[PDB]
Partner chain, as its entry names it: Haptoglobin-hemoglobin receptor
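Only one chain is included here, represented as structure tokens and corresponding to the form solved without the partner chain.
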């Protein structure tokens, strides 16, 4: 039912950085398209609901739009370019702090080798140095939305290092906007950063909404530990910034139970 891909990600070379999705190892990955043709990510978390970010949902909308305004302007696909119809969108009620929304489908998907949800974790797998896999449909080294799925293999990074990188200091009165790309991520106790100093393939525009997936080797199950929020690093800034799934778990479960 979740987190058991037929062909789990298994790179030949265990090198942190970019890899082709050669085996089709991310059946939880979805592709969202905005009303002005911008590709973003979403993540299937059960048969009828996806996570994505609030910023993704707001593309091409007024900062005053509601879930009802947004929902009928989106297009969503799973598997081999399979359009699925959306019933509604639910914004996180504190989305300026926790960059998240949920998407409900009008009907359950049929699960198979290309379409399958990832499991939501109760354990917090985000220890510094934890190796995960982040798939995405974002822009590549030519700044084109990728035609074929790709992933990055990356460690969770030290939170203070990442805060100093983008904000200069952990101390509120010493902070300055230091982001190397000229836009600031949402960084707080609800997020983690991932990456290492390396000229690499990095996540970039459109990858947000995708999962930082961790493979629990005892259960042999795949879990969404983070949802990528800050997809603008693009090998210029050093870290992606991810919403911690454990920090929204209760809100996700209530929402799904209610709708």
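Positions refer to the first chain, counted from 1. Here the rigid core means the biggest group of C-alpha atoms that line up within 1.5 Å when the two forms are laid on top of each other.
The discussion below concerns the form deposited with the partner chain bound, not included here.
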### Query
Out of 97 to 105, 185 to 193, 68 to 76, 152 to 160, where are the residues with a heavy atom within 4.5 Å of the partner chain in the bound PDB entry?
152 to 160
#### Entry: is_contact(residue 91, the partner chain) in the bound PDB entry, heavy atom dist at most 4.5 Å
no
### Query
Looking at the partner chain in the bound PDB entry, which residues in 190 to 213 have at least one heavy atom within 4.5 Å of it?
198, 199
### Query
Given a rigid core superposition of the two forms, which one of 197, 62, 66, 37 has its CA shift by 2 angstroms or more between the shown form and the other one?
197
### Query
Do residue 175 and residue 198 move together or apart in the bound PDB entry, judged by C-alpha distance changing 3 Å or more?
farther
### Task
Work out whether the Cα atoms of residue 165 and residue 197 come closer together or move farther apart in the bound PDB entry than they are in this form, the change being 3 angstroms or more.
farther
